[PDB]
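As stored in input27.txt (compact mmCIF, C-alpha atoms and all ligand atoms):
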# COMPACT_ATOMS: atom_id res chain seq x y z
CA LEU A 7 122.62 -41.61 -13.08
CA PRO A 8 119.37 -41.42 -15.16
CA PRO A 9 119.13 -39.46 -18.49
CA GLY A 10 121.30 -36.28 -18.17
CA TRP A 11 121.44 -36.29 -14.40
CA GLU A 12 124.98 -35.22 -13.70
CA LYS A 13 126.46 -34.48 -10.30
CA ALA A 14 128.32 -31.17 -9.56
CA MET A 15 129.56 -28.65 -6.93
CA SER A 16 127.48 -25.93 -5.21
CA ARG A 17 129.35 -22.61 -5.47
CA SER A 18 127.85 -21.29 -2.23
CA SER A 19 128.37 -24.25 0.16
CA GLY A 20 130.74 -26.60 -1.77
CA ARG A 21 128.22 -29.31 -0.85
CA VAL A 22 126.89 -31.82 -3.42
CA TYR A 23 123.96 -31.19 -5.78
CA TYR A 24 122.61 -32.47 -9.12
CA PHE A 25 121.44 -30.52 -12.18
CA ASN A 26 119.88 -32.00 -15.20
CA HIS A 27 121.27 -30.60 -18.47
CA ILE A 28 118.18 -31.86 -20.34
CA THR A 29 115.49 -30.30 -18.10
CA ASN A 30 117.62 -27.78 -16.26
CA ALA A 31 116.24 -29.08 -13.06
CA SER A 32 118.56 -28.67 -10.07
CA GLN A 33 118.04 -30.51 -6.75
CA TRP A 34 120.18 -31.50 -3.68
CA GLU A 35 119.11 -35.13 -3.07
CA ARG A 36 120.26 -37.82 -5.53
CA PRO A 37 117.75 -38.36 -8.44
CA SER A 38 115.25 -41.28 -8.30
CA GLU A 51 111.18 -45.18 -21.11
CA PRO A 52 107.39 -44.20 -21.47
CA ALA A 53 105.98 -43.99 -25.01
CA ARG A 54 103.79 -41.11 -23.98
CA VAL A 55 103.99 -38.54 -21.15
CA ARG A 56 101.46 -35.97 -19.86
CA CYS A 57 102.63 -32.45 -19.03
CA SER A 58 101.49 -29.03 -17.87
CA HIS A 59 103.59 -25.92 -18.39
CA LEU A 60 103.87 -22.27 -17.62
CA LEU A 61 105.19 -20.29 -20.58
CA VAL A 62 106.64 -16.73 -20.39
CA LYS A 63 107.06 -15.29 -23.90
CA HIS A 64 109.52 -12.57 -24.97
CA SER A 65 110.25 -10.16 -27.83
CA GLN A 66 112.21 -12.81 -29.71
CA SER A 67 109.30 -15.33 -29.16
CA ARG A 68 107.64 -16.88 -32.18
CA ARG A 69 104.33 -15.11 -31.82
CA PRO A 70 105.04 -12.33 -29.23
CA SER A 71 101.31 -12.41 -28.42
CA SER A 72 99.09 -14.01 -25.79
CA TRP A 73 95.71 -13.94 -24.10
CA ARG A 74 97.52 -11.73 -21.49
CA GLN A 75 99.20 -9.00 -23.55
CA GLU A 76 98.76 -8.14 -27.26
CA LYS A 77 102.38 -7.50 -27.97
CA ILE A 78 104.89 -8.89 -25.60
CA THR A 79 107.74 -6.48 -25.06
CA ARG A 80 109.75 -7.97 -22.22
CA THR A 81 113.25 -8.98 -23.17
CA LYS A 82 114.65 -12.49 -22.94
CA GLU A 83 116.81 -11.73 -19.89
CA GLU A 84 113.55 -10.55 -18.20
CA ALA A 85 111.44 -13.51 -19.30
CA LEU A 86 114.00 -15.71 -17.53
CA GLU A 87 113.83 -13.51 -14.38
CA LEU A 88 110.10 -13.99 -14.23
CA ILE A 89 110.49 -17.70 -14.86
CA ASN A 90 113.11 -18.02 -12.11
CA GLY A 91 110.67 -16.14 -9.88
CA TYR A 92 107.92 -18.72 -10.15
CA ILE A 93 110.33 -21.56 -9.68
CA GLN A 94 111.30 -20.08 -6.35
CA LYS A 95 107.64 -19.67 -5.30
CA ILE A 96 106.88 -23.21 -6.50
CA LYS A 97 109.92 -24.76 -4.88
CA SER A 98 109.22 -22.97 -1.61
CA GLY A 99 105.53 -23.97 -1.45
CA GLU A 100 104.55 -20.27 -1.46
CA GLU A 101 102.58 -21.00 -4.68
CA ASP A 102 101.79 -24.04 -6.76
CA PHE A 103 102.36 -24.63 -10.40
CA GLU A 104 98.66 -24.51 -11.22
CA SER A 105 98.00 -21.16 -9.60
CA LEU A 106 100.97 -19.35 -11.19
CA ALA A 107 100.24 -21.19 -14.49
CA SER A 108 96.56 -20.23 -14.51
CA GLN A 109 97.52 -16.62 -14.05
CA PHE A 110 100.77 -16.00 -15.71
CA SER A 111 101.25 -18.59 -18.44
CA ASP A 112 101.34 -16.89 -21.88
CA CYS A 113 99.96 -20.10 -23.37
CA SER A 114 96.19 -20.51 -23.65
CA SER A 115 96.54 -23.90 -21.81
CA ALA A 116 96.64 -21.68 -18.70
CA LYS A 117 92.82 -21.86 -18.74
CA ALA A 118 93.49 -25.54 -18.06
CA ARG A 119 95.95 -24.93 -15.22
CA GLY A 120 98.61 -25.38 -17.81
CA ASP A 121 97.77 -28.94 -18.86
CA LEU A 122 98.89 -29.84 -22.40
CA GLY A 123 97.39 -33.32 -22.30
CA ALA A 124 99.16 -36.64 -22.85
CA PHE A 125 101.60 -36.82 -25.86
CA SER A 126 104.60 -38.73 -27.32
CA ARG A 127 107.72 -37.94 -29.34
CA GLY A 128 107.84 -36.12 -32.67
CA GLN A 129 104.79 -34.21 -31.33
CA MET A 130 106.24 -31.09 -29.56
CA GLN A 131 109.32 -29.00 -30.24
CA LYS A 132 112.51 -30.88 -29.34
CA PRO A 133 113.85 -29.08 -26.27
CA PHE A 134 110.36 -29.28 -24.71
CA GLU A 135 110.19 -32.96 -25.62
CA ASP A 136 113.62 -33.78 -24.35
CA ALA A 137 112.78 -32.13 -21.00
CA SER A 138 109.27 -33.65 -20.94
CA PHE A 139 110.66 -37.18 -21.26
CA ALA A 140 113.53 -36.81 -18.95
CA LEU A 141 111.42 -35.71 -16.07
CA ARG A 142 109.72 -38.37 -14.06
CA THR A 143 106.09 -38.18 -12.94
CA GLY A 144 106.18 -35.30 -10.41
CA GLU A 145 109.27 -33.44 -11.47
CA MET A 146 109.05 -29.90 -12.52
CA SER A 147 111.74 -28.76 -14.94
CA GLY A 148 113.95 -25.69 -14.59
CA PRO A 149 113.79 -23.00 -17.29
CA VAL A 150 113.48 -24.54 -20.78
CA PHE A 151 114.02 -22.53 -23.89
CA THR A 152 112.19 -23.07 -27.10
CA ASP A 153 111.39 -20.79 -30.03
CA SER A 154 108.18 -19.88 -28.24
CA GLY A 155 109.56 -18.59 -25.03
CA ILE A 156 110.65 -19.96 -21.70
CA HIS A 157 108.83 -22.90 -20.05
CA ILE A 158 108.42 -24.51 -16.68
CA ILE A 159 107.30 -28.00 -17.42
CA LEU A 160 105.68 -30.20 -14.85
CA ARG A 161 105.18 -33.85 -15.86
CA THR A 162 101.88 -35.33 -14.60
CA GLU A 163 101.66 -38.85 -16.04
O1 LIG A 201 102.50 -19.91 -28.37
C1 LIG A 201 101.86 -20.74 -27.71
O2 LIG A 201 100.66 -20.54 -27.49
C2 LIG A 201 102.54 -22.02 -27.20
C3 LIG A 201 103.51 -22.71 -27.79
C4 LIG A 201 103.73 -23.73 -26.95
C5 LIG A 201 104.67 -24.75 -27.07
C6 LIG A 201 104.41 -25.97 -26.45
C7 LIG A 201 105.35 -26.99 -26.53
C8 LIG A 201 106.52 -26.75 -27.23
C9 LIG A 201 106.72 -25.51 -27.82
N1 LIG A 201 105.82 -24.54 -27.73
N2 LIG A 201 102.91 -23.60 -25.91
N3 LIG A 201 102.20 -22.60 -26.05

Here is a file; write its structure as structure tokens.
Ligand SMILES: O=C(O)c1cc(-c2ccccn2)n[nH]1
Amino acid sequence: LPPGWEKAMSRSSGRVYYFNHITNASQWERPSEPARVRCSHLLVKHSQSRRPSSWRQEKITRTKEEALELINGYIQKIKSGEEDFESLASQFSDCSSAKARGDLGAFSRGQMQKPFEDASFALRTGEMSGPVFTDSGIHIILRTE
């Protein structure tokens, strides 16, 4: 199985599923290197975030446990087609790239912080990540090219 795609056991149904320990993606169907990849993301900062500040709120106060909740929340809406990445990203993302529907433009290694990189490279064109933790906050990372 591709980079970090491991199989495992669903603790609700006991039926097969896959999680990726590099992007924290989890999906039921079996899964499927670039020099550069292009990604958009939705960032939800927290108190412990690098710069607890964003175009949305001058001092972020939400805890980490809560940041995650919010992040899980959008994943459900994205996964269920209730909302798309771009809409939630253009509204909620605590990064200024929200103005650009969360695009961060094309990029290669060394360039971004490592957990974001490792996720960004391990996704394939189309995959969204699960929650990804960096010193900045919590990300949902979609890979576009
Ligand atoms: O604070 C911000 O504005 C911010 C930081 C990031 C970021 C992007 C990639 C990896 C790590 N952090 N994205 N947005």

Margin query: The residues within 12 Å of (110.4, -35.6, -15.4), using only C-alpha atoms and the coordinates of the file, should be reported as a ChimeraX atom specification; which are they?
Written below: /A:8-11,26,28-32,37-38,51-52,55-58,134-148,158-163

For the residues in the current selection, export C-alpha atoms as a PDB file, in the frame of the given file.
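Saved as again-v1.pdb:
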ATOM      1  CA  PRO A   8     119.370 -41.420 -15.160  1.00  0.00           C
ATOM      2  CA  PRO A   9     119.130 -39.460 -18.490  1.00  0.00           C
ATOM      3  CA  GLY A  10     121.300 -36.280 -18.170  1.00  0.00           C
ATOM      4  CA  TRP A  11     121.440 -36.290 -14.400  1.00  0.00           C
ATOM      5  CA  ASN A  26     119.880 -32.000 -15.200  1.00  0.00           C
ATOM      6  CA  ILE A  28     118.180 -31.860 -20.340  1.00  0.00           C
ATOM      7  CA  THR A  29     115.490 -30.300 -18.100  1.00  0.00           C
ATOM      8  CA  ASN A  30     117.620 -27.780 -16.260  1.00  0.00           C
ATOM      9  CA  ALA A  31     116.240 -29.080 -13.060  1.00  0.00           C
ATOM     10  CA  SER A  32     118.560 -28.670 -10.070  1.00  0.00           C
ATOM     11  CA  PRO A  37     117.750 -38.360  -8.440  1.00  0.00           C
ATOM     12  CA  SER A  38     115.250 -41.280  -8.300  1.00  0.00           C
ATOM     13  CA  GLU A  51     111.180 -45.180 -21.110  1.00  0.00           C
ATOM     14  CA  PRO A  52     107.390 -44.200 -21.470  1.00  0.00           C
ATOM     15  CA  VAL A  55     103.990 -38.540 -21.150  1.00  0.00           C
ATOM     16  CA  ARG A  56     101.460 -35.970 -19.860  1.00  0.00           C
ATOM     17  CA  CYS A  57     102.630 -32.450 -19.030  1.00  0.00           C
ATOM     18  CA  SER A  58     101.490 -29.030 -17.870  1.00  0.00           C
ATOM     19  CA  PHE A 134     110.360 -29.280 -24.710  1.00  0.00           C
ATOM     20  CA  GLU A 135     110.190 -32.960 -25.620  1.00  0.00           C
ATOM     21  CA  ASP A 136     113.620 -33.780 -24.350  1.00  0.00           C
ATOM     22  CA  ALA A 137     112.780 -32.130 -21.000  1.00  0.00           C
ATOM     23  CA  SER A 138     109.270 -33.650 -20.940  1.00  0.00           C
ATOM     24  CA  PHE A 139     110.660 -37.180 -21.260  1.00  0.00           C
ATOM     25  CA  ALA A 140     113.530 -36.810 -18.950  1.00  0.00           C
ATOM     26  CA  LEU A 141     111.420 -35.710 -16.070  1.00  0.00           C
ATOM     27  CA  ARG A 142     109.720 -38.370 -14.060  1.00  0.00           C
ATOM     28  CA  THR A 143     106.090 -38.180 -12.940  1.00  0.00           C
ATOM     29  CA  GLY A 144     106.180 -35.300 -10.410  1.00  0.00           C
ATOM     30  CA  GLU A 145     109.270 -33.440 -11.470  1.00  0.00           C
ATOM     31  CA  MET A 146     109.050 -29.900 -12.520  1.00  0.00           C
ATOM     32  CA  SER A 147     111.740 -28.760 -14.940  1.00  0.00           C
ATOM     33  CA  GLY A 148     113.950 -25.690 -14.590  1.00  0.00           C
ATOM     34  CA  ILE A 158     108.420 -24.510 -16.680  1.00  0.00           C
ATOM     35  CA  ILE A 159     107.300 -28.000 -17.420  1.00  0.00           C
ATOM     36  CA  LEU A 160     105.680 -30.200 -14.850  1.00  0.00           C
ATOM     37  CA  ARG A 161     105.180 -33.850 -15.860  1.00  0.00           C
ATOM     38  CA  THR A 162     101.880 -35.330 -14.600  1.00  0.00           C
ATOM     39  CA  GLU A 163     101.660 -38.850 -16.040  1.00  0.00           C
TER      40      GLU A 163
END

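Interatomic distance, CA of residue 91 (chain A) to CA of residue 105 (chain A): 13.6 Å.
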
Enumerate residues in contact with ligand LIG 201 (chain A): an atom-to-atom distance of at most 12 Å, counting all atoms listed in the file. Format the result as a compact mmCIF listing (two decimals) with C-alpha atoms, in the coordinates of the input.
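Once written, pocket.txt looks like this:
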# COMPACT_ATOMS: atom_id res chain seq x y z
CA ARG A 56 101.46 -35.97 -19.86
CA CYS A 57 102.63 -32.45 -19.03
CA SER A 58 101.49 -29.03 -17.87
CA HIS A 59 103.59 -25.92 -18.39
CA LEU A 60 103.87 -22.27 -17.62
CA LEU A 61 105.19 -20.29 -20.58
CA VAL A 62 106.64 -16.73 -20.39
CA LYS A 63 107.06 -15.29 -23.90
CA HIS A 64 109.52 -12.57 -24.97
CA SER A 67 109.30 -15.33 -29.16
CA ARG A 68 107.64 -16.88 -32.18
CA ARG A 69 104.33 -15.11 -31.82
CA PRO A 70 105.04 -12.33 -29.23
CA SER A 71 101.31 -12.41 -28.42
CA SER A 72 99.09 -14.01 -25.79
CA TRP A 73 95.71 -13.94 -24.10
CA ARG A 74 97.52 -11.73 -21.49
CA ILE A 78 104.89 -8.89 -25.60
CA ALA A 107 100.24 -21.19 -14.49
CA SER A 111 101.25 -18.59 -18.44
CA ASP A 112 101.34 -16.89 -21.88
CA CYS A 113 99.96 -20.10 -23.37
CA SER A 114 96.19 -20.51 -23.65
CA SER A 115 96.54 -23.90 -21.81
CA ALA A 116 96.64 -21.68 -18.70
CA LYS A 117 92.82 -21.86 -18.74
CA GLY A 120 98.61 -25.38 -17.81
CA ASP A 121 97.77 -28.94 -18.86
CA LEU A 122 98.89 -29.84 -22.40
CA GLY A 123 97.39 -33.32 -22.30
CA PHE A 125 101.60 -36.82 -25.86
CA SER A 126 104.60 -38.73 -27.32
CA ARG A 127 107.72 -37.94 -29.34
CA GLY A 128 107.84 -36.12 -32.67
CA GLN A 129 104.79 -34.21 -31.33
CA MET A 130 106.24 -31.09 -29.56
CA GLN A 131 109.32 -29.00 -30.24
CA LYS A 132 112.51 -30.88 -29.34
CA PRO A 133 113.85 -29.08 -26.27
CA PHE A 134 110.36 -29.28 -24.71
CA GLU A 135 110.19 -32.96 -25.62
CA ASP A 136 113.62 -33.78 -24.35
CA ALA A 137 112.78 -32.13 -21.00
CA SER A 138 109.27 -33.65 -20.94
CA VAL A 150 113.48 -24.54 -20.78
CA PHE A 151 114.02 -22.53 -23.89
CA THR A 152 112.19 -23.07 -27.10
CA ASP A 153 111.39 -20.79 -30.03
CA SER A 154 108.18 -19.88 -28.24
CA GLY A 155 109.56 -18.59 -25.03
CA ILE A 156 110.65 -19.96 -21.70
CA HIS A 157 108.83 -22.90 -20.05
CA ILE A 158 108.42 -24.51 -16.68
CA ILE A 159 107.30 -28.00 -17.42

Between CA of residue 35 (chain A) and CA of residue 110 (chain A) lies a distance of 29.4 Å

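Interatomic distance, CA of residue 100 (chain A) to CA of residue 88 (chain A): 15.3 Å.
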
Please, what is the axis-aligned box for every listed atom of region 133-147 of chain A with 5 Å on each side, as centre and edge lengths in Å to one decimal, as lines of an AutoDock Vina configuration file?
center_x = 110.0
center_y = -33.6
center_z = -18.3
size_x = 17.8
size_y = 19.6
size_z = 25.9

### Message
Using all atoms listed in the file, list the residues that have an atom at most 6 Å from (126.9, -33.3, -4.3), coordinates as in the file, as a list in words.
### Response
residues 14, 15, 21, 22 and 23 of chain A

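Restricting the calculation to all atoms listed in the file, the smallest distance between residue 7 (chain A) and any of A:103, A:92, A:24, A:34 is found for A:24.
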